[PDB]
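Enquirer:
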Amino acid sequence: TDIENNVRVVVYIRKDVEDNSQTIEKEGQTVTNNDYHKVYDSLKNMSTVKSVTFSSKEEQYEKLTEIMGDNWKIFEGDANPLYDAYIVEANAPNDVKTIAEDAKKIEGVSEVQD
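Oh and the sequence shown: position 90 is 382 in my numbering, straight run, nothing missing.
1. Exposed or buried, what is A377 when buried is set at 16 or more other beta-carbons lying within 10 Å of its beta-carbon?
2. What first and last residue would you give for the alpha helix (DSSP H) that runs through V388?
3. May I have the straight-line CA-CA distance separating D308 from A371, to the nearest angstrom?
4. Between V388 and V299, which are expected to be in contact by the criterion C-beta below 8 Å, what is the C-beta distance as a whole number of angstroms?
5. DSSP three-state label for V302, please.
6. Let me make sure I understand the geometry here. Which of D394, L335 and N363 has the alpha-carbon closest to that of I379?
7. Could you say if the segment 390 to 404 and the segment 334 to 351 meet the contact criterion of at least three C-beta pairs nearer than 8 Å?
8. Based on DSSP bridge pairs, tell me the residues matched to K318.
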């Protein structure tokens, strides 16, 4: 799942939408997540897309800590501020901007790094 810069789009997900969880909590029971894979589906349907990989904010938070920083006290423990993302690979770099604009239309998307 290593992608070359020139065909990578990062689609960050709204903090209020849980695209990767099949289940959620309702009335104390674990029940089905309606919104599951909506953003994933839209992205994976694009004909110029080759793969769409989930990167959970908790994953990037440990990876962020791995990349220098431990005394980041003033940020950590205080409610992880990172975003769930889809790392998307384009078939050609020519598509990247044609893909990023579309991604930013799909409801549930917060931002998109081209």
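No residue lacks a Cβ here, since even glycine has one placed at the ideal position from N, Cα and C.
Expert: Taking the geometry as given:
1. Position 85 of the sequence shown, counting from 1, holds the residue named residue 377. Classification for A377: buried.
2. Taking the sequence shown and counting its residues from 1, the one referred to as residue 388 is at position 96. Counting along the chain, the alpha helix (DSSP H) containing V388 begins and ends at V388 to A395.
3. By one-based count along the sequence shown, residue 308 stands at place 16. By one-based count along the sequence shown, residue 371 stands at place 79. The straight-line gap from Cα to Cα measures roughly 14 Å.
4. Translated into positions along the sequence shown, residue 388 becomes position 96. Translated into positions along the sequence shown, residue 299 becomes position 7. With a Cβ gap of about 6 Å, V388 and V299 count as contacting.
5. For the purposes of this step, residue 302 is identified with residue 10 of the sequence shown, where counting begins at 1. Three-state DSSP puts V302 in a strand.
6. For the purposes of this step, residue 379 is taken as the residue at position 87 of the sequence shown. Considering only alpha carbons, the answer is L335.
7. yes
8. As a first step, residue 318 is located in the sequence shown; it is residue number 26 there, counting from the start. Note: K318 sits in a beta bridge opposite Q321.
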